[PDB]
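We number each residue from 1, following the sequence as shown. Computed from heavy atoms alone, side chains included, the values below leave out hydrogens, waters and symmetry copies.
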Amino acid sequence: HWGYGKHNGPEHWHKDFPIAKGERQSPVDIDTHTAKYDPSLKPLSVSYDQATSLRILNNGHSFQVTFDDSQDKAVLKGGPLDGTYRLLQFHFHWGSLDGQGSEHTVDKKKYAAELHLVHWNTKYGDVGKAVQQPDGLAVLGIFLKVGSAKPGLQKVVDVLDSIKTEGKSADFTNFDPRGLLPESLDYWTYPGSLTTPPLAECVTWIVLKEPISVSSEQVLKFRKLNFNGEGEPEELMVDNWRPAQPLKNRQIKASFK
Ligand SMILES: NCCCN(CCc1ccccc1)CC(=O)N(CCc1ccc(S(N)(=O)=O)cc1)Cc1ccc(F)cc1
Ligand SMILES: [Zn+2]
C-alpha cells in the first residue's frame, strides 16, 4: 500500500508503521558545522574484492542489486562498527529533477540521488533477526551529483530497460561495487533507521562526504523505471526518497577534521 504519492507517501507511513515518528528515524539533515570530529572513530574498512552479485530487481520502490551473503565475501568493518557486516544489496533513491532525490541532506542541500549499500551484522545470523536489533544493519550512503559519467555505473544503467516494472528481475553477475565508491572514505555517522517500511530502528548510518558524479544520461535512465507492475497505468519511478526527519536526541559524528 505504501509508496511515494500524495495519498500513500512518507507523510502517511506512520499509520501503518508508527515507529515513523520514533526517536532515531532516518534520513536526517547533516549540519556540517554541528557534526563533531570524533578522533576515536576508526577508518572504515570496505572489503568488496570477493563480492558475488546475483540479480538486479525492480521491487516497486527502487531497483536493487543483490549479493550472495551466505559467506563473509563483501564486508564492512571498522569506523563506528563493532564486528562484521555482510553486503546484502545496494539500491538508489533519486529525483524527478537534478535538484532533489537524496534522502540525507548536507546543510539542507539535496543531491540528485543517493546510493545505499546495505549490510547486516553477522553476529545475528540472518537479516531478519538483524533488523530487530539496534545495531543490526550498517548502511553506507553515497551521494550522487550530476556531471561527468561514472563508468562503474554504466553496466547497471544499461540493463534497467529489462526491469522497467515492479516484479521484474534479471541475472546480474560479476558486478563490482567498488566501481561506485568515491576516492575518500571520510564520513559522517549517526544511529538511525530504515528509510522505507518497516522503518526499523536498526541502522548505523555511515554517509560519505564525497559524492560520486554521474551523467545526466545515466540518471535519466533511472527516471524511466516504473513504480507500477506491467499492465497498470504508467507511474514513473521518480522521487522515491523520504525527507529528512527530526534529529531528536542524537549527535552526528564526523570521521574527519
Ligand atoms: N513492501 C516492501 C517490500 C520488501 N521490503 C520490506 C518488506 C516489509 C515491509 C513492511 C513491513 C515488513 C516487511 C524490503 C525488504 O524486505 N528488506 C530491505 C529492508 C531495507 C533495507 C535498507 C533500507 S535503506 N533505504 O537503506 O534504509 C530500507 C529497507 C530486507 C528485509 C528482510 C527481513 C525483514 F524482516 C525486513 C526487511
Ligand atoms: Zn535506501
Side-chain angles (χ1 to χ4, degrees), residues 43-79 81 84-94 101 112-122 125-128 130 137-185 187 196 206-208 210-226 230 237 240:
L44 202 63
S45 173
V46 183
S47 162
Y48 285 172
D49 193 58
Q50 290 306 128
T52 300
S53 62
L54 292 165
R55 320 267 309 159
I56 192 170
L57 169 66
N58 180 333
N59 58 30
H61 42 98
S62 183
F63 74 88
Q64 78 176 238
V65 176
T66 64
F67 291 80
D68 174 24
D69 64 345
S70 82
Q71 267 184 284
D72 279 5
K73 295 181 166 183
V75 302
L76 184 67
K77 305 172 181 162
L81 305 171
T84 303
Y85 290 68
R86 282 188 194 156
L87 177 62
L88 170 64
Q89 52 116 332
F90 71 75
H91 62 273
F92 301 77
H93 307 265
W94 63 88
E114 189 173 327
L115 163 63
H116 291 163
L117 295 125
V118 184
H119 313 73
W120 57 274
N121 191 334
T122 65
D126 68 68
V127 62
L137 278 66
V139 182
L140 180 60
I142 300 173
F143 295 121
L144 279 58
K145 63 183 258 140
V146 173
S148 294
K150 192 67 177 165
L153 183 61
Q154 192 57 36
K155 281 185 352 183
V156 170
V157 159
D158 273 336
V159 313
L160 297 177
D161 77 275
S162 78
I163 59 157
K164 185 183 180 173
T165 46
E166 173 175 14
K168 289 186 111 53
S169 66
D171 182 274
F172 202 67
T173 51
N174 304 106
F175 180 77
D176 190 341
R178 295 175 294 181
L180 299 176
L181 304 179
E183 284 178 8
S184 179
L185 291 181
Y187 65 86
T196 54
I206 299 164
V207 179
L208 294 192
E210 185 183 334
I212 60 166
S213 290
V214 302
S215 66
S216 61
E217 292 89 355
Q218 292 182 313
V219 71
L220 290 165
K221 274 154 191 202
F222 286 13
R223 297 184 186 136
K224 284 172 121 223
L225 291 165
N226 278 8
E230 186 170 14
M237 184 179 282
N240 61 345

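When each of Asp72, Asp69, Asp68 is tested with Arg86 by the rule salt bridge (charged side-chain N to carboxylate O under 4.0 Å, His left out), just one qualifies, namely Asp72.
A donor-acceptor contact shorter than 3.5 Å links the side chain of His93 to the backbone of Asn240. In this structure a side-chain-to-backbone donor-acceptor pair under 3.5 Å is missing from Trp120 to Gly128. Checking side-chain atoms of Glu210 against main-chain N and O of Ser184 turns up a donor-acceptor pair under 3.5 Å.
The shortest side-chain heavy-atom distance between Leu57 and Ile163 does not fall under the 4.5 Å cut-off. Between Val75 and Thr122, the closest side-chain pair of non-hydrogen atoms is not below 4.5 Å. Looking only at side-chain heavy atoms (C-beta outward), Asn226 and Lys164 come within less than 4.5 Å of each other.
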- Would you check, one step at a time, whether the test side chain to side chain contact (heavy atoms under 4.5 Å, CB included) holds for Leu117 with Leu76? CA-CA 10 Å; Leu117 295 125; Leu76 184 67; over 6 Å; no
- Task: Begin with the C-alpha distance, continue with both residues' side-chain angles, and end with the deciding distance and a verdict on side chain to side chain contact (heavy atoms under 4.5 Å, CB included) for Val118 and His91.
- Result: CA-CA 8 Å; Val118 184; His91 62 273; 3.7 Å; yes
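Here the closest heavy-atom approach between residue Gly79 and residue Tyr187 is recorded as CA-OH, 3.1 Å. Taking both residues in full, the closest heavy atoms of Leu185 and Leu44 are given as CD1-O, 4.2 Å, listed atom of the first, atom of the second, then distance. Across all non-hydrogen atoms, the minimal contact from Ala170 to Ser162 is CB-OG, 4.0 Å.
Separating the CG atom in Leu137 from the CG atom in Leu88 is a distance of 8.0 Å, to the nearest 0.5 Å. The structure places CG of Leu225 at 7.0 Å from CZ of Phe63, a figure rounded to the nearest 0.5 Å. Once rounded to the nearest 0.5 Å, the distance linking NZ of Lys73 with OG1 of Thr52 reads 3.0 Å. Between the CD atom in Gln64 and the CZ atom in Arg55 there is a gap of 11.5 Å [rounded to 0.5 Å]. For the atom pair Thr66 OG1 and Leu54 CG, the distance stands at 4.5 Å (nearest 0.5 Å). Distance CD1/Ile212 to CD/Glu114: 11.0 Å, rounded to 0.5 Å.
Applying the salt bridge (charged side-chain N to carboxylate O under 4.0 Å, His left out) test to residues at least two apart or on different chains, the pairs with a partner in residues 165-175 are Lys168-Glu230. Applying the ring pair (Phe, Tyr, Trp, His ring centres under 6.0 Å) definition to pairs two or more places apart or across chains, those involving residues 150-179 are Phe90-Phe175, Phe172-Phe175.
Using cut-offs of 30° and 60° on the angle between ring planes, the pair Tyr48 and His119 is parallel.
Using a 4.0 Å cut-off between charged nitrogen and carboxylate oxygen, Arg178 and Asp49 count as a salt-bridge pair.
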Please table the atom pairs, donor to acceptor, closer than 3.5 Å between any side-chain atom in residues 141-159 and protein atoms at least two apart or in another chain.
from, atom 1, to, atom 2, distance (Å)
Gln154, OE1, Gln218, NE2, 2.9
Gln154, NE2, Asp158, OD1, 3.1
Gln154, NE2, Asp158, OD2, 3.3
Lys155, NZ, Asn174, O, 3.4

